[PDB]
Amino acid sequence: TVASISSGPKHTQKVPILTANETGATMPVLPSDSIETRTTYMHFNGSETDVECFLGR
Amino acid sequence: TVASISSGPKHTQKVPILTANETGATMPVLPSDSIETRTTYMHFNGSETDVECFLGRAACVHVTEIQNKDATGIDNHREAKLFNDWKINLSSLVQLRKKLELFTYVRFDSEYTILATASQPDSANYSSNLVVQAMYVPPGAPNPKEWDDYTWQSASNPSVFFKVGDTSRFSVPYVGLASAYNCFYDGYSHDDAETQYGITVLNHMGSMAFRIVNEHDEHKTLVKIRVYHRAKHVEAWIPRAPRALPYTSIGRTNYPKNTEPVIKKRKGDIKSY
Amino acid sequence: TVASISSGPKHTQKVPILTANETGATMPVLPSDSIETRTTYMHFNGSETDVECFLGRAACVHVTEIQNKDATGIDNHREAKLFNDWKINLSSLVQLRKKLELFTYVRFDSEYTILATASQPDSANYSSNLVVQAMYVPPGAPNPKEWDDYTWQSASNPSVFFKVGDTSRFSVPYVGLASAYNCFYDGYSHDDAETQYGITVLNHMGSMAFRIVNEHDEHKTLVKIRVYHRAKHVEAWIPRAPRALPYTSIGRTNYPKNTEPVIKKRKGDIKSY
Amino acid sequence: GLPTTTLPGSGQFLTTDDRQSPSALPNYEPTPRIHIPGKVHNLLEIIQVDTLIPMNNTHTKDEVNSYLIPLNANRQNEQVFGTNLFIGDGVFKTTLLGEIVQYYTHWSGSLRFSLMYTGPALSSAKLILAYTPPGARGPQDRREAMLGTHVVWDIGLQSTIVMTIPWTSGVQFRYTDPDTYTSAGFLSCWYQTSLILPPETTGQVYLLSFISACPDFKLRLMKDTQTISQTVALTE
Amino acid sequence: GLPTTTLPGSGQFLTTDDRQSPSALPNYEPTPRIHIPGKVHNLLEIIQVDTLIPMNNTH
Amino acid sequence: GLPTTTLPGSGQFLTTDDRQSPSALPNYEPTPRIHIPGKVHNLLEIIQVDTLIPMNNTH
Amino acid sequence: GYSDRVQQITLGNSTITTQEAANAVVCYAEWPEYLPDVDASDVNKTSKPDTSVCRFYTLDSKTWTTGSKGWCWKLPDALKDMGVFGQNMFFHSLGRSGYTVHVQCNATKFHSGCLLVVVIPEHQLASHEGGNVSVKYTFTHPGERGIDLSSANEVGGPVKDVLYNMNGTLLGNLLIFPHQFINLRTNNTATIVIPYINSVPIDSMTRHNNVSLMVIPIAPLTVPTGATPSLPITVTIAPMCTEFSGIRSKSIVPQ
Amino acid sequence: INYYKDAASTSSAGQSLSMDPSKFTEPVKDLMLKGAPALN
Amino acid sequence: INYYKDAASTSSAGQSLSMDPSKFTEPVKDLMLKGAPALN
Amino acid sequence: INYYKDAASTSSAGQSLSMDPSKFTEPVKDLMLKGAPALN
């Protein structure tokens, strides 16, 4: 799984960082929408935040 | 496997025993390069020198003590040893410490065994049966303040309850923040002019709190806790020179002043046997 | 299997019962060589005379004793039996010793069982519950000096913790330096004019240290340790004459002076029944 | 309900046993491993790297000088140094080899002893190193020394000489803590001809000496080292 | 009778262990589940919804 | 957790029983065996060698 | 006619030639390489100035005399002020690098003396005070000057006792670390290639030094008769495969 | 191996490995594409 | 048989049986052959 | 079933069922046949 993909300079008409929060959504913006990133992998599953785990001790 | 091959007289232009140590290598010279040998087999694998084996037996890492007594009128439970904590480390007691510091970075799972025995140094009718409670108060979690705080509810924090005289045992995954634990760290936590140096900064793992669950009987009971630690699934990188001088502090390399010569002086000459 | 075959009258030139013992042989003569026999079967295998069976049951090899008491002001823990050691041997108690010395070289794995019971010879309110600590201090390792030395950390040395009244048990591979243990050794450790003779020199295996982990209660408690040893995976070479006279020392063959006749004198003649 | 019987040893804690345990942190995900140069797998890997021996032990406080074996120009027939081979004690004891051997009870195998010469390049020398197998005394003169394992070393362009103490033994293991029956011999070194310094040069020259184990080597039965102890627990 | 040995840790209660237990109510039948909008499975699902920060903390 | 019941005899030490035990020296390698003439396997092997009888016991 | 003896290292816009080498050591048998994605954590693209940072900087020279005890430099500290390497260093949040170290000392065939040149990963120093006294920042960040083991104890500084490696271990065992000797009679330089060694993929270049380079006289310098009794030792070091990441404002560090 | 008959007596459940924040993070009626204008 | 779910809870690891001293004993850049001259 | 890893930890060995007294009862160099004269 990639945690971040590689992304480079941008000069577009397509701006993912401008939104309208009045709508009630949290738009899924990522580091790679606003800086230049390199690939990295997650190495993690989110196992210990499962509700079974959270309420299970 | 052969430990030595058979080899006979030599009169060559090819001399394996002359080398240049300035290069930094240790050339793999064998008995058969300089005497006449006969075949012999190894009969041995080097099993018990594997690092998993070397670091894999339980070592005592900590001895603490708590007492069961009437807390009535005690203004500071922590101070009365009504309960106690351990700013968890593996470099307090030194037998295991010298072993680990043969390496720079080490990564492993731990298996803990906790033995608790009771003492009744002054007149008691009997020996009571106490249950010990040990809690892990990570960095940012509430620390117990009294021996019976809400903290001990430990609703999200792993805790084990066992009886004095018995032993408790479980195992923890490798909980280091980086890829390995640093046995050494030549750095600071930030570029501060007075911040502390060492590993004391890096190895931030919280304390393990112990208490007796029992209320008090008429006499007082001393319970002494011994924590044993066994590394399992060991991985070690970069060997270093063994520790020669005595240790003075958890986490610093410092040795004591006016220490004694560590190399044994000859009783005789260089020429002596 | 037949134990005896059927055999009838004989009038031969072939006499199996006349031999020459000067040769060193024991000729395999049977009932059927000299009387008339009938067939009978063995019905038996000789199972319980196998050397694995003969040396394979636990035998008491050592009884020692340690006490739990206030060490305050004790200048010599070892001497107060605050802790104790055993210069490990298998030739202290003699029931097992005579059995082993039927052979010259012996090789086997050992299974130890350690029973610890407590005694309170003088007025106590109760019986405390003590945990015993036994450590193996090989030749060159630190020996305990006090009952709570760094030694007891035992970070590299196998140690077992069990409760008084209980038993502890584990098994050790064959730890001899040679291919077998010498039951006898007609040699010295070097050609010295005054060095000791025997096996006392060869059989160098270190001591096993015992202590109570508990601090002291108001009364004193005597704990007496019994070590049992069972050979498993036995291999024995070269049978010898059984021991006739009493033993005097661990590791020497010496018998006591003015000992008594070991052969029972007849009450009567050679002719007596 | 299945019928069981418990045996002697139940409830004991043996620091050397290896069993499963419940994890206190169910479901936790450890940090990924990244690559780090230098991984060690066996202590046998590291005791083959050679390290310096403080052979010149004759000082009174630890000094850089006890690593230096001095050599005198123009001496003939004489002896450069001597030592027994109790690798767990004496000169050997603080070396990495000595230091690891001390974690085990028994050792067997060949040792590699080398000498690197540091005198001016325009000097010359011929030394003899001799290994004396157990059973005889430390040699007292080269004649005595030369009848056992030896190497005539000719000091040249090639700066180091590697002598091997081949495993000579009845019993297949020796004790690391010094023991008689189990003793390994002596190592001595003498002038074969003599050190000669070029003009305009003077004084003592020194040899550095190293020790490491051959691939031959075996160590067994782990135990605690006499090389470290303590009187109270340390704190931060 | 099968021979056993008990290890260190026997009888301990670790609040984080996960094992089977006898049911006190043998054979009881729980109420059927009906559908309810909003099921959460991971705390990671909810920390992606944004909420307001009291940035102006100065009161 | 599997349900068990312990029988009479639990915890006893019978010097003649034969069971497994943990090794105190995990991973240790014993010295190789070499050949030695004279191996004995059964006491029945040796009681077939004859030895002298002090028949004249009258001393 | 290639000898182990003559060598040329060209890195960036700078070249070194030695006519009296003794092979070269590559720590742990690994050559410096960039940070692979599979090992990456920070999502930032990194900056690889290449030839402007991966060239040879020659630190100021030392003087070996008969009384010398040895010198110690820390990396990347020693280079904190060299050209654009240094700027990059103070300006990014994180950086990573390997190095080629070339230590130089020539004499004549009448001199004797032997230096140990060793690289110690994570060399945590000891306070000469004992106990749990710390070693202040400035003291472990000497810069190009390095630490002079024959200088006096100072307050808040490390201990400078050579038989103990500045940490409670014996000089004799430093040979377990990648190292090479300079024996006037053999050798005139020492070269060690250092791969990046850390427990994290990239780190801060200012709060943590990841190797100390140490040059220690072991067989004392002995000059020919009526020669001047000293020789200079020069250290030239080149960052290799350097990467910087997390650019911003420019760190301010004590003193 | 379950040793017991009832389902309540079994150990903890096993990870949902379900995970779908959109019911919480994007409950909008007309779908919003990142990059397209929020309000048209 | 593992009785437990997590990997940390398993027993000790099993012998590397890896063993390669050359990273420590021969980290030289140009390969040295035993028997050939050290410095050419 | 061995529960333990090391060989020393296994139970007792099992009967040699070897049994050959001739090394002890007839170690003579030239073979003696029962019934034939001992000394010829």
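Letters A, B, C, D, E, F, G, H, I and J mark the chains in the order given here, with residues in each chain numbered from 1 onward.
Assume a residue touches a chain if its C-beta (ideal position, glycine included) is under 8 Å from a C-beta of that chain, and two chains touch if they have at least 3 such contacts.
**Q** Taking all protein C-alpha atoms shown, work out their mean, then name the chain whose own C-alpha mean is nearest to it.
**A** Central by C-alpha mean position: chain B.
**Q** Would you mind reporting the rotation angle for the C-alpha fit of chain E onto chain F, rounded to the nearest 5 degrees?
**A** 145
**Q** When all chain pairs are ranked by how many C-beta pairs they have in contact, which pair ranks first?
**A** Looking across every pairing, the one with the most contacts is B-D.
**Q** Starting from the mean Cα coordinates of chain C and chain F, work out the distance between those two points in Å.
**A** 11
**Q** What's the distance between the Cα centroids of chain A and chain G, rounded to whole Å?
**A** Chain centres of chain A and chain G, defined by C-alpha means, are spaced 41 Å apart.
**Q** Using mean C-alpha positions as chain centres, tell me how far chain F is from chain G in Å, no decimals.
**A** Chain centroid spacing, chain F to chain G, equals 63 Å.
**Q** How many Å are there between the centre of chain I and the centre of chain J, using C-alpha atoms for each centre?
**A** One centre to the other, that is 45 Å.
**Q** Quick one: which residues in chain I touch 2 or more of the other chains?
**A** Chain I, residues with two or more chain partners: 5-6, 8-12, 15-16, 19, 23-28, 32, 37-39.
**Q** Scan chain D for residues touching two or more other chains and write them down.
**A** 2-29, 31-32, 34, 36-38, 41-42, 44, 46, 48-50, 54, 62, 94, 96, 99, 103, 116, 158-160, 172-173, 208, 210, 212, 218, 220-222, 224-225, 229-230, 235-236
**Q** What are the residue numbers in chain B that touch two or more other chains?
**A** 15-16, 18-29, 33, 44-48, 50-51, 53, 56-57, 59, 93-95, 99, 104-105, 113, 115, 158, 160, 166-167, 169-174, 178-180, 232, 238-239, 241-244, 247-251, 262-263
**Q** Any idea which chain D residues touch chain C in the complex?
**A** Listed in rising order, the residues of chain D that touch chain C are 7-17, 88, 102-103, 105-106, 135, 171-177, 179-183, 221-226, 229-231.
**Q** For the complex, give me every residue of chain F touching chain J.
**A** My answer: residues 18-23, 25-28, 37-38, 41-42, 44-46, 48-49.
**Q** Can you name the residues of chain H that touch chain E in the complex?
**A** Answer in residue numbers: 2-6, 8-12, 16, 18-21, 23-25.
**Q** Taking the touch rule as given, give the residues of chain E at its contact with chain F in the complex, in rising order.
**A** Counting only chain E, the residues touching chain F are 1, 3-4, 19-21.
**Q** Can you list the chain F residues touching chain H in their complex?
**A** 1-3
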